[PDB]
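See below for the structure under consideration.
Counting begins at 1 with the first residue of the sequence.
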Amino acid sequence: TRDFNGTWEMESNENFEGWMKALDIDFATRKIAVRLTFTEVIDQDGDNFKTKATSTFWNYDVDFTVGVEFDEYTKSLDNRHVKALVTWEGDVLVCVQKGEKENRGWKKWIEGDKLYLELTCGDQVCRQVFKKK
Ligand SMILES: *C/C=C(\C)c1ccc(-c2ccc(N(C)C)cc2)s1
């Protein structure tokens, strides 16, 4: 399936700490963030995605069109300029963010009724799993 529409509730989060540290997120922010449950709301219409991550203390929204490069400034994360591109590899949605950090980006897919997210930066991978609400 290629349909990521829905409200998705975090049920599993692995190495969130390592990933944030690879992005040079400040220690105090990491200390709180690694504790928190996140919810991801995805609105998808063909290539057009609008996504919104929420937690008690932090939000992170990003909209994109699959196949269309977009310059990104990651304000509420690590405050860097990257060139971002989201494309399909089969049923896996793949984002590459070209910039200072190598191997930076993510992958999303569905297996069964669950959303899987792999976040990458440098040699660090964070893996998250969400259940559909
Ligand atoms: C497709 C999934 C994306 C773009 C994201 C999932 C989680 C994100 C995130 C986690 C933590 C923070 N802070 C600043 C604590 C920001 C964003 S993005």
Side-chain angles (χ1 to χ4, degrees), residues 1-132:
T1 182
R2 286 187 179 177
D3 193 351
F4 291 80
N5 271 291
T7 298
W8 301 90
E9 295 179 351
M10 177 171 98
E11 73 178 28
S12 177
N13 193 6
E14 169 182 16
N15 193 33
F16 195 41
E17 177 72 271
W19 172 76
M20 288 188 287
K21 183 169 190 177
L23 283 169
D24 314 304
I25 304 299
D26 72 85
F27 175 80
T29 298
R30 309 202 312 263
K31 189 176 182 186
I32 301 298
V34 82
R35 298 177 187 168
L36 305 178
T37 301
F38 285 77
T39 293
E40 181 80 49
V41 172
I42 295 169
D43 187 328
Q44 166 184 9
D45 180 33
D47 292 328
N48 293 323
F49 283 70
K50 305 171 210 165
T51 76
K52 293 178 305 154
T54 55
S55 64
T56 302
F57 302 119
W58 293 284
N59 299 335
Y60 187 87
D61 308 342
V62 48
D63 309 334
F64 57 85
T65 301
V66 175
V68 173
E69 193 249 309
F70 58 106
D71 270 38
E72 221 185 354
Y73 185 113
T74 55
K75 265 335 185 98
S76 289
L77 189 54
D78 60 318
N79 291 276
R80 288 190 172 93
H81 286 278
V82 296
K83 289 198 169 266
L85 182 57
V86 183
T87 55
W88 294 106
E89 291 177 358
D91 46 24
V92 181
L93 194 65
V94 178
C95 179
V96 174
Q97 288 159 321
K98 279 170 173 38
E100 176 60 28
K101 302 282 179 172
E102 288 190 10
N103 310 133
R104 180 183 182 151
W106 50 256
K107 302 187 197 64
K108 293 179 215 289
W109 67 92
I110 306 291
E111 63 185 65
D113 62 311
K114 304 198 180 186
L115 177 59
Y116 288 66
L117 171 67
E118 170 180 321
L119 298 164
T120 59
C121 187
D123 61 348
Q124 297 297 317
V125 182
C126 160
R127 293 179 187 91
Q128 303 177 346
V129 187
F130 302 78
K131 70 152 200 300
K132 205 175 195 305

Would you say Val68 and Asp47 make side-chain contact, with heavy atoms under 4.5 Å? no
For atom CD of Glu102, decide whether the heavy atoms of other residues, nucleotides or ligands shown that lie under 6.0 angstrom number more than 12. no
Is it possible for you to say whether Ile42 and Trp88 belong to one hydrophobic cluster, with membership spreading through side-chain heavy-atom contacts below 4.5 Å? yes
Given 3.5 Å as the limit, does a donor-acceptor pair link the side chain of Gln128 with the main chain of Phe16, or not? no
Would you confirm whether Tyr73, through its side chain, and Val82, through its main-chain N or O, come within 3.5 Å as a donor-acceptor pair? no
Distance col, row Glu100:CD vs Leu23:CG, nearest 0.5 angstrom, shows 11.5 Å
Between CG of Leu93 and OG1 of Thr87, what distance do you get to the nearest 0.5 Å? 7.5 Å
Heavy-atom pair of closest approach, residues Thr1 and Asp91: O-CB, 3.8 Å
For a quick test of reading the model, state the closest non-hydrogen atom pair linking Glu72 to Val62 and the distance between them. OE2-CG2, 3.7 Å
For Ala53 and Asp61, work out which heavy atoms get closest and say how close. N-OD1, 4.0 Å
Of all heavy-atom pairs between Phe4 and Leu115, which one has the smallest distance, and what is that distance? CD2-CD1, 3.4 Å
Side chain proximity check, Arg104 to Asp78, heavy atoms < 4.5 angstrom: yes
A cation-pi test, strictly: NZ or CZ of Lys131 under 6.0 Å from the centre of the six-membered ring of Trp8 and no more than 45 degrees from its axis. Yes or no? no
Would you kindly confirm whether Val66 and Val92 end up in one hydrophobic cluster when ILVMFWY residues are joined by side chain heavy atoms under 4.5 Å apart? no
Which atoms form the tightest heavy-atom contact between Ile25 and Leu77, and what is the distance? CD1-O, 3.3 Å
Within residues 114-124 or reaching into it, pairs that qualify as salt bridge (charged side-chain N to carboxylate O under 4.0 Å, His left out) - sequence neighbours excluded: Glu11-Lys114, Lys107-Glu118
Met10/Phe130 under side-chain contact (heavy atoms from CB on, under 4.5 Å): CA gap, chis, key distance, verdict: CA-CA 4 Å; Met10 177 171 98; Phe130 302 78; 3.8 Å; yes
Does the side chain of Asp3 come within less than 4.5 Å of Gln44's, by heavy atoms? yes
What pairs meet the ring pair (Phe, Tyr, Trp, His ring centres under 6.0 Å) rule with one or both residues in residues 41-63, with sequence neighbours excluded? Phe49-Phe64
Which pairs count as salt bridge (charged side-chain N to carboxylate O under 4.0 Å, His left out) when at least one residue sits in residues 18-33, sequence neighbours excluded? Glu17-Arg30, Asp24-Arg80, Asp24-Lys101
Working to the nearest 0.5 angstrom, can you tell me the gap between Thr7 OG1 and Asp43 CG? 9.5 Å
Separation between NZ (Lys50) and CG (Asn5), nearest 0.5 Å, reads 10.5 Å
Heavy-atom check, side chain of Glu40 versus side chain of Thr51, under 4.5 Å: yes
Reported CG-to-CD distance for the pair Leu119 and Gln124, which is rounded to 0.5 angstrom: 12.0 Å
Distance, nearest 0.5 Å, that separates CZ of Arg127 from CG of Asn13: 12.0 Å
Any side-chain to backbone donor/acceptor pair from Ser12 onto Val129? Under 3.5 Å, distance only. no
Can you name the closest pair of heavy atoms from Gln97 and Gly105 and give their distance? OE1-CA, 3.7 Å
